[PDB]
Amino acid sequence: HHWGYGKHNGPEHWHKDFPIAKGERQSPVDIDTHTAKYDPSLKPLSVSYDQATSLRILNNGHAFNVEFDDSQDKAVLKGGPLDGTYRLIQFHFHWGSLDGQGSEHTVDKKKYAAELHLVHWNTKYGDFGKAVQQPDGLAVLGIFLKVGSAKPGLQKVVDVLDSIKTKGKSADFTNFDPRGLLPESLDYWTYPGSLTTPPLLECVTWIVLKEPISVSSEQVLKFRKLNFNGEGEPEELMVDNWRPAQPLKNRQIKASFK
Ligand SMILES: Clc1ccc(OCc2nn[n-]n2)cc1Cl
Ligand SMILES: [Zn+2]
């Protein structure tokens, strides 16, 4: 499969290999803040990352990815709309060529510079590959990035990117604390959706924080120096690796806050 983000292989083409692209619960979506309703039934959100064990950072040709040890319940997400325990496996970002675009979710049609996704899987399914085959298999926590002041808890990530410039490169990435990437507030929107790249599986409970984090222009500029290509191939800058908003169809987006 040779999907990507270019003109010839980008999101508008994906449905030919992955017909679920035109399904009933595709992601991302636009979050209309005036239609989302506060839901007093949502339990408090519990982000438990004290014992998180980061391993490695990988450029996979689509994004860069920070992987965690998920062989035990070390870093988990619980509460909110979720039943049971979801284990952190990895995080990654989507970003733009310019500061005015890059996020996948939008808020009243506003695009942010980037979007962070912390990916967790439902431990009742035993492994990640089983979980993605279930409608409640994954919980993705999404965090918008706006350009402003630097985010000190991002700089360890930015500083390692020149060591994984091209597809297939990886580096050791131990002792990284993903709590440094969270905003002050865990107020969120939630809805049922999908992965935002092939295979586009409809397996995700989306939890999107309302409060963006601020990163500096210099930090996001370094994201944009990565490459979609492998070493020794013509350079194609890793920018605009985001899927645009998909039809909401017969879904409601719920707010955790009044
Ligand atoms: Cl492990 C993993 C890595 C990246 C990825 O990128 C697409 C995406 N982002 N949010 N949902 N889908 C999806 C997964 Cl599951
Ligand atoms: Zn993502």
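### Here's the deal with the coordination of the zinc ion (ligand 2)
Reasoning step 1: Those donors, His92 (NE2), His94 (NE2) and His117 (ND1), are the protein atoms that reach the zinc ion (ligand 2), and they lie 2.0 to 2.1 Å from it.
Reasoning step 2: What the four donor atoms of the zinc ion (ligand 2) show is an angle range of 96 to 131° at the metal, which sorts the shape as tetrahedral.
Reasoning step 3: When the donors of the zinc ion (ligand 2) are listed by position in the chain, the intervening gaps give H-x1-H-x22-H. With a gap of 23 residues between them, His94 in strand β7 (residues 86-95) and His117 in strand β9 (residues 114-122) connect regions that are remote in the sequence. A single burial state applies to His94 and to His117, both of which are buried.

### Section: the UniProt feature "binding site: Zn(2+)" in the protein
Reasoning step 1: The sites that UniProt annotates as "binding site: Zn(2+)" are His92, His94 and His117. In summary, the annotated positions, though distributed over 26 residues, converge in three dimensions, the widest C-alpha pair being only 8.2 Å.
Reasoning step 2: Residue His94 is classed as buried on the basis of its relative accessible area, which comes to 4%.
Reasoning step 3: With residues up to four places along the chain from it excluded, the contact list for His94 reads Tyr5, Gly102, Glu104, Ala113, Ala114, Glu115, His117, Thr196, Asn241 and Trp242.
Reasoning step 4: Of note is the side chain of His94, whose polar atom sits 3.1 Å from the side chain of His117.
Reasoning step 5: Overall, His117 belongs to the buried group, its relative accessible area being 2%.
Reasoning step 6: When sequence neighbours within four positions are dropped, the list of residues in contact with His117 reads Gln90, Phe91, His92, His94, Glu104, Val140, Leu141, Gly142 and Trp206.

### A closer look at the UniProt feature "active site" in the protein
Reasoning step 1: Mapped onto the present numbering, the UniProt feature "active site" falls on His62.
Reasoning step 2: Of note, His62 is situated in the loop between β4 (54-59) and β5 (64-68).
Reasoning step 3: Relative accessible area serves as the criterion here: at 25%, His62 is assigned to the partly exposed category.
Reasoning step 4: Apart from the residues within four sequence positions on either side, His62 is in contact with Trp3, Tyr5, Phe228, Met238 and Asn241.

### Examining unusual backbone geometry
Reasoning step 1: Cis geometry marks the peptide bond from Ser27 to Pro28; its omega dihedral reads 0°.
Reasoning step 2: Tracing the chain through its elements places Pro28 in the segment before β1 (30-31).
Reasoning step 3: In this chain, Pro198 is followed by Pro199 through a cis amide linkage whose omega measures 5°.
Reasoning step 4: Take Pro199: it is sitting in the loop between β12 (188-193) and β13 (204-209).
Reasoning step 5: One non-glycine residue, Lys109, lies in the positive phi region at around 75°.
Reasoning step 6: By secondary structure assignment, the location of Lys109 is in the loop between β8 (106-107) and β9.
Reasoning step 7: Although it is not a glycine, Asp240 sits at a positive phi angle of roughly 55°.
Reasoning step 8: On the secondary structure map, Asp240 appears in the loop between α3 (217-223) and β15 (254-255).

### Things to note about the site of ligand 1
Reasoning step 1: Taken together, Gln90, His92, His94, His117, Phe128, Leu138, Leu195, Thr196, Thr197 and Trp206 are the residues near ligand 1.
Reasoning step 2: Residue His92 places a side-chain N or O atom 3.2 Å away from a nitrogen atom belonging to ligand 1.
Reasoning step 3: Taking 380 Å² as the accessible area of ligand 1 by itself, protein coverage stands at 85%.
Reasoning step 4: When residues of the shell around ligand 1 are assigned to their parent elements, the largest contribution, three residues, is made by β7.
Reasoning step 5: Of the residues belonging to the shell around ligand 1, the class tally is four nonpolar, six polar and no charged.

Reading guide: rules and limits
For each chain, numbering begins from 1 and proceeds through the sequence as written. The entry may number the same residues differently, and residues missing coordinates are not shown. Ligands are numbered from 1 and chains lettered from A, in the order in which they are written. For side-chain calculations, the full set of non-hydrogen atoms in the structure is used, while hydrogens and water are omitted. Distances up to 2.8 Å from the metal define which N, O and S atoms are donors, and 3.2 Å serves for Na, K and Ca; water is absent from the atom set, so sites may look incomplete. Note on geometry labels: four donors, all angles 85 to 135 degrees, give tetrahedral; four donors become square planar and six octahedral when opposite donors are over 155 degrees apart and every other angle is between 65 and 115; remaining cases are irregular. Starting at the N terminus, helices and strands are each numbered in turn, a helix being any DSSP run of H or I of at least four residues and a strand any DSSP run of E of at least two. Burial classes: relative accessible area under 20% of the type maximum marks a residue as buried, over 50% as exposed, and values in between as partly exposed (1.4 Å probe, protein chains only). UniProt positions are given in the numbering used here, feature names are shortened, and annotations may be inferred rather than shown by experiment. By the convention used here, residues are in contact when the closest approach between their heavy atoms is within 4.5 Å. Here a polar contact is recorded for every N or O atom pair within 3.5 Å, except that within protein the pair must consist of a potential hydrogen donor and a potential acceptor, and residues adjacent in sequence are included only if both atoms are side-chain atoms. Being near a molecule or strand, for a residue, comes down to having at least one heavy atom within 4 Å of it. The Shrake-Rupley method, run with a 1.4 Å probe sphere, supplies the accessible areas, and residue values consider only the shown protein chains as cover. Think of it as three bins: nonpolar holds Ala, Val, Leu, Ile, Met, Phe, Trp, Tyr, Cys and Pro, charged holds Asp, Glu, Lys and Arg, and polar takes everything else, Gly as well.

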